Amino acid sequence: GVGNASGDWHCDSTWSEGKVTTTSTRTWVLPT
Amino acid sequence: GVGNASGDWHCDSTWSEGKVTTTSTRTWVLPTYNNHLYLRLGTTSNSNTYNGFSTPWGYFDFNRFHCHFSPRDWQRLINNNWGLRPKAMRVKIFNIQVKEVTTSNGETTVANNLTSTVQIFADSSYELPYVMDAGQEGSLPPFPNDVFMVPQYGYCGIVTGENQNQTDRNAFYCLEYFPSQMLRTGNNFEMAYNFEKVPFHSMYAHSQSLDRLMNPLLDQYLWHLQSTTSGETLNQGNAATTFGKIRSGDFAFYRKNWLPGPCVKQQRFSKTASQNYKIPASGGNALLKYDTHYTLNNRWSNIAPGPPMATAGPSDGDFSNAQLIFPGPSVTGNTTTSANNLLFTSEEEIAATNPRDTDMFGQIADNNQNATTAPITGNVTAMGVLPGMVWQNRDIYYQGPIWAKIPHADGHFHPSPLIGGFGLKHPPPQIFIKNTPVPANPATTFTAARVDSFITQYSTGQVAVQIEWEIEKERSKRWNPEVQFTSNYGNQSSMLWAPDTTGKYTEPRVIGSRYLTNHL
Amino acid sequence: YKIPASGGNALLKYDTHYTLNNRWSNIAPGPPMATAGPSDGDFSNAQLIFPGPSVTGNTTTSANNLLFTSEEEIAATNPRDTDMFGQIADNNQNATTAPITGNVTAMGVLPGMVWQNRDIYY
Amino acid sequence: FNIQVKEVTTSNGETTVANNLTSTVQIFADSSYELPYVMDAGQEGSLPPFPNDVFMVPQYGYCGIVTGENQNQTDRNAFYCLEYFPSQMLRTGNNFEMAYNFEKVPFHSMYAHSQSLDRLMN
Amino acid sequence: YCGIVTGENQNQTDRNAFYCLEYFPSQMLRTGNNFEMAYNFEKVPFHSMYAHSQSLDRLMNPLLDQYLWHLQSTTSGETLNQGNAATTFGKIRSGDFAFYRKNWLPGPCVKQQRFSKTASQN
Amino acid sequence: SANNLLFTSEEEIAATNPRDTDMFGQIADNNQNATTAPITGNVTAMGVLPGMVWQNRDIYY
Amino acid sequence: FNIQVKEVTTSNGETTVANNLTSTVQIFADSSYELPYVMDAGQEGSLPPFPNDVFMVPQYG
Ligand SMILES: Nc1ncnc2c1ncn2[C@H]1C[C@H](O)[C@@H](COP(=O)(O)O)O1
């Protein structure tokens, strides 16, 4: 719907003994 | 959906035999801070220098008591229960409305932008520096029908030396690095939290004075030496020493089981301008230097109301820095000449257990007396805690803070905010909020430079906070009627504790919580 | 030294006391501290005094008729009653200015302190 | 136990004493600690050490908070009336009993240190 | 091992004690014999291996100002003993941080003499 | 020469507690009055007080 | 029902009105009779008799 957001802004890094997982979000502009 | 409200406005207090639950709602406005960018901050001023950052984010703060208690409620609470302590909390933000401003020439137009997002996250992890806790504006307003502006979030960084500058140690925390929820109208946010077991705050005044708890009728079975010589003259008399069994009446001499207080002395000033010595606010001898302060890393930090101590009553002509000062209804600006327009908190009630702010802790023999050398007593001003001491904490106030976060350090002793309140290791989390950026029309050919042209927006909605307080009734066996706080206001042209003809609302007096009595 | 029991300079004023709400309350045997042995010729207010068999009335001239409790045993862990806690540099020494030590009389508890409590008595 | 209530005739010159069998003495102990505690400090009245010594029960009196150097009372001062508490009534042949459990408390140290704190090193 | 020393003079009191290691049962080994033992530490506070990135005195939000007021000056001017009599109060504003009432006091403390690594300065 | 020695240091602690050579702070050691000037006392020894927070000395390799 | 919240632009000379869809009007009725009752005596504000008459909600004092 128009009124509902379609995703949450999460940027994160989670570290493991063997693997690290990176996550980042950004806002963008698109011209014509 | 766009058409449906996402929460109802309920403000309420429900009272139980054991627990009272407060609930209040308010409407808020959120600007766009710093045109969307984090800014370094620092000034170097000698006894003030500081360094840090200002953020594009804003936060909700419900740290003042009056946020959750209507005057009457506060009354009900304090005239009936001995202690109280917060148990659990839950918050929710809703009816987000994002506005966009056209800003035509001369006239600025505002219209809803339905598809716009404001982002909220609260951090449990306490990874962001806590600031909600001390001495600051931004808490929801006391009166329900008052809209408020969400405070901007800015944090301080460790300053080394008297000069402000940063070391490698200084750190930068970027709010965008945390995952946060994104809302649009029709979206809502909610969270819950549970306070940790904490000592019930004492809402009573001692009906006994520490120094004398003994039975007036009997006399100790111990003896003390009363006089080295005869007569009442200091250096003359017959040599013999005399001992005497401590009898009823010579109470000041009774050996007791406990010592009254931890203590730091405070300078005292008189509300009557005339009485004080002349002291400037600036220069080599600005007041600051003469007011009790603690030297930290080369910087004077003036001690805030200090280790709880007794203080002159509110009406008294003399007042100390130890007491907290609140504006008072009548005062118009940031500054005022006569202190008759201010409100003073006072801890007379504490006097029964610990030392007075302006007076000393006591006096100690500072010397080994001898027939040829007279005895000298030293005046004690600062006294750290000693085995067997018992003291009372500073009282809480209707408009005083509620909790404060206990510093993450190896050692802390008897955590109780000094400003008053409950000390928590994990305090209600700061809830952050910010309006997502949006972009003005942007150039047709690509440019790497970060975009800087944004549409102007602001948002508004309501937040609702509910706290569940655990309280304990009195259960005293005192016979004579207690003191209780009742208004007692004289005939008023425009009644107190209420909005007035202008429509303004202001709190008349500062109110504590210790009206009920209890013995030691 | 000569000291009266009454008047402007009655003993009370010179014996370590704690000012509470404008009233001197003389400190009872205070925070546990070491004290002269019972036999010793000097005694402090810190020690507890008991009548003793021979004493007839409420008052007596010679303290040889009284009984004194003493905490010599405590000496191993904490400071002496009549002596001080220690002495601290009360100044920043310098080639042109000599070092000054301050005598410390009252000392609140500090991290790492260990002390013994006053003993119990029959 | 073995409550014996006596009544005194008090004739002229001579005072006579005789038992009144139907008379009541009332005892209650309060757990709730609602009455100000006084038993605790520095005072006569404890049972005598020697068993075969009869003793006089102490009279109960309590202190009130004094504000200032001058004695007078504030609203804060309170009055506790013992009759306001429920208490047991006895007559000869009636007895009273009660029990209590101390709370866990640090063992009192009944030893003297054989080492001096300052030097524990080898 | 060290023994408790009474006084400034070394000598022993009855209190001094002697511990003889042979009085304890111990294992006897020869080549080919070995000894082993285990132990469990007790729960203890994690040692802090970090440096504070904030200075205690200022934890507040630089941007806002307290809602409390303090008295700033008894008189006008910047000269210590001259000026107009009136006392002035002011709402603690952003910047006058040294004046912000805080919730905590920074440290337990004992002063220490200071010396300079350059021989000349002392 | 002390240039041949190694010194441990607790600069890091400075954020929370007082400096070794400097004092704890200064207290009003007097009751000011129009005829009598205010005197501040230098505090050298300070026992623990309610609301104090400090760091412990660091460990070393 | 059919709540319609309007927002007014109020340009110069001319005042414009347009719907603001996301706006909230709040209603509660109190059973508990905790608020002083006034509906009862002698006063204008009741719905108009004739059906096709729009009316202005009375202000509460
Ligand atoms: N407000 C507040 N928050 C957290 N901790 C507190 C507070 N007030 C006192 N204390 C602590 C101080 C000691 O650690 C402990 C003593 O328990 P006691 O039962 O008081 O003898 O209680």
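Residues numbered from 1 in each chain as written, not as in the entry; some residues may be left out. Chains lettered and ligands numbered in written order. Part of a larger assembly, values for the part shown. Heavy atoms only, no water.

Chain G carries the name Capsid protein VP1 in the PDB entry, which gives Adeno-associated virus as its organism. In the PDB, the entry goes by the title "The structure of AAVrh32.33, a Novel Gene Delivery Vector".

Per the PDB entry, chain E goes by Capsid protein VP1 and derives from Adeno-associated virus.

This part is about a nonpolar patch on the surface. On the surface, a cluster of nonpolar side chains totalling about 810 Å² of accessible area is made up of D:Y33, D:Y37, D:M39, D:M98, D:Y100 and D:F102. Locating D:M39 in the fold gives a position in the loop between strand 3 (25-27) and strand 4 (88-90). (Patch = residues over 30% accessible without salt bridge, like charges linked within 9 Å, V, L, I, M, F, W, Y side chains within 5 Å. Areas by Shrake-Rupley, 256 points an atom, 1.4 Å probe, with all protein chains shown as cover. Salt bridge = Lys/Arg side-chain N within 4 Å of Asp/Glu carboxyl O. Helix = DSSP H or I, 4+ residues; strand = E, 2+ residues; numbered from the N terminus.)

Once that is clear, we can look at the site of the ligand. Residue and element names in this part refer to chain B. Taken together, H414, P415, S416, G421, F422 and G423 make up all the residues around the ligand. One of the side-chain nitrogen or oxygen atoms of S416 is found 3.0 Å away from a nitrogen atom of the ligand. Taking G423, its main chain carries an N or O atom lying 2.9 Å from a nitrogen atom of the ligand. Within the complex, 50% of the 480 Å² of free accessible area of the ligand lies under protein. Here the shell around the ligand is composed, by residue class, of two nonpolar, four polar and no charged. (Near = heavy atom within 4 Å. Polar contact = N/O pair within 3.5 Å; in protein donor to acceptor, adjacent residues only side chain to side chain. Nonpolar A, V, L, I, M, F, W, Y, C, P; charged D, E, K, R; others polar.)

Every regular strand shows the same layout, with side chains that alternate between the two sheet faces. By the bridge criterion, two bridges tie strand 22 (residues 335-336) of chain B to strand 2 (residues 88-91) of chain E in an arrangement that is antiparallel. Its bridge partner lying in strand 2 of chain E, B:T335 is registered against E:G90. The pairing of strand 1 (residues 69-73) of chain E with strand 2 of chain E spans four bridges and is antiparallel. From the neighbouring strand, E:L71 faces strand 2 of chain E, where its bridge partner is E:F89. (Pairing = 2+ DSSP bridges.)

Another aspect to go through is the packing of aromatic side chains. Centre-to-centre distance and the angle between the planes together describe a pair of aromatic rings. Considering all chains together, one arrives at 41 aromatic pairs over all chains under this definition. Taken together, a centroid distance of 6.4 Å and an interplanar angle of 90° make the contact between B:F243 and C:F68 edge-to-face. Separated into two different chains, B:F243 in strand 15 (residues 242-245) and C:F68 in strand 5 (residues 67-68) make up a pair that spans both. Of the two residues examined, B:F243 and C:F68, each falls in the buried class. An aromatic cluster is defined as three or more aromatic residues linked by ring pairs; in this entry it consists of B:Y38, B:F53, B:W57, B:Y59, B:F121, B:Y153, B:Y155, B:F172, B:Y173, B:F178 and B:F432. Taking NZ or CZ as reference, B:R64 lies 3.9 Å from the ring centre of E:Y67, over its face. Above the plane of the ring of F:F7 lies E:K117, whose end atom (NZ or CZ) is 4.0 Å from the centre. (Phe/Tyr/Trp six-rings, centres within 6.5 Å; stacked < 30°, edge-to-face > 60°. Buried < 20%, exposed > 50% of the residue type's maximum accessible area, 1.4 Å probe, protein only. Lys NZ or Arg CZ within 6 Å of the ring centre and 35° of its normal.)

It is worth spelling out the arrangement of the chains at this point. No other pair among the eleven pairs of chains in contact exceeds the contact count of chains B and E. A gap remains between chain D and chain F, which never touch, and the nearest two C-alpha atoms on either side lie 19 Å apart. (Contact = heavy atoms within 4.5 Å.)

We now examine the environment of B:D12. All names here are of chain B. Position of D12 among the secondary structure elements: in strand 1 (residues 12-15). In this structure the C-alpha to C-alpha distance between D12 and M360, which are 348 residues apart in sequence, comes to 46 Å. With residues near it in sequence (within four places) discarded, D12 still touches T21, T22 and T23.

A few words now on the interface of chain D and chain C. Taken together, the twelve residues of chain D in the interface contact eleven residues of chain C. Across the chain D to chain C interface the summed buried area is about 950 Å²; carbon plus sulfur atoms make up 52%. On the chain D side of the interface with chain C, the three residues burying the most area are D:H108, D:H113 and D:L117, jointly 47% of the side's total. Between chain D and chain C we count zero salt bridges in total. Joining chain D to chain C, the criterion identifies five residue pairs in polar contact. (Buried area = accessible area lost by both parts, 1.4 Å probe.)

Let us look at the sheet that holds strand 22 of chain B. In space, the three strands of this open sheet follow the order 22(B)-2(E)-1(E), with antiparallel pairing throughout. Two strands in the sheet have a free side with no partner beyond their single neighbour: strand 22 of chain B together with strand 1 of chain E.

A few words on the nonpolar core. By size, the foremost hydrophobic cluster in this structure holds 62 residues, and its most contacted members are B:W28, B:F60, B:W74, B:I93, B:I431 and B:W469. If you tally residues by element for this core, the top one is strand 5 (residues 81-101) of chain B, at six residues. In this structure B:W469 touches B:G18, B:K19, B:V20, B:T22, B:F65, B:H68, B:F69, B:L84, B:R85, B:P86, B:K87 and B:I402, once residues within four positions along its chain are discounted. In this structure, B:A382, E:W104, E:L105 and F:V53 belong to the second largest nonpolar core, which totals 19 residues. (Core = buried A, V, L, I, M, F, W, Y, C linked by side-chain atoms within 4.5 Å.)

A separate point is the interface of chain E and chain B. Chain E puts 53 residues into the contact, and the matching count from chain B is 80 residues. With both sides pooled, the region where chain E packs onto chain B buries about 6,000 Å², and carbon together with sulfur makes up 59% of that total. For chain E, the biggest contributors to the area lost against chain B are E:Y67, E:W69 and E:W104; these three give 15% of the whole. Remark: the boundary between chain E and chain B carries two salt bridges. In this structure, the salt-bridge partner of E:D57 is B:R299, at a minimum N-O distance of 2.6 Å. The interface formed by chain E and chain B includes 32 residue pairs in polar contact. Those elements that provide at least two residues to the side of chain E that touches chain B are strand 1 and strand 2 of chain E. Within the side of chain E that touches chain B, the residues separate by chemical class into 23 nonpolar, 21 polar and nine charged.

Here we come to the sheet that holds strand 4 (residues 59-60) of chain C. Read across the open sheet, the three strands follow the order 14(B)-15(B)-4(C); overall the sheet is antiparallel. Two strands close off the open sheet at either side, each with one partner strand: strand 14 (223-227) of chain B together with strand 4 of chain C. Pairing of strand 14 of chain B with strand 15 of chain B, which is carried by four bridges, proceeds in the antiparallel orientation. Bridge assignment links B:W223 to a residue of strand 15 of chain B, and that residue is B:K245.

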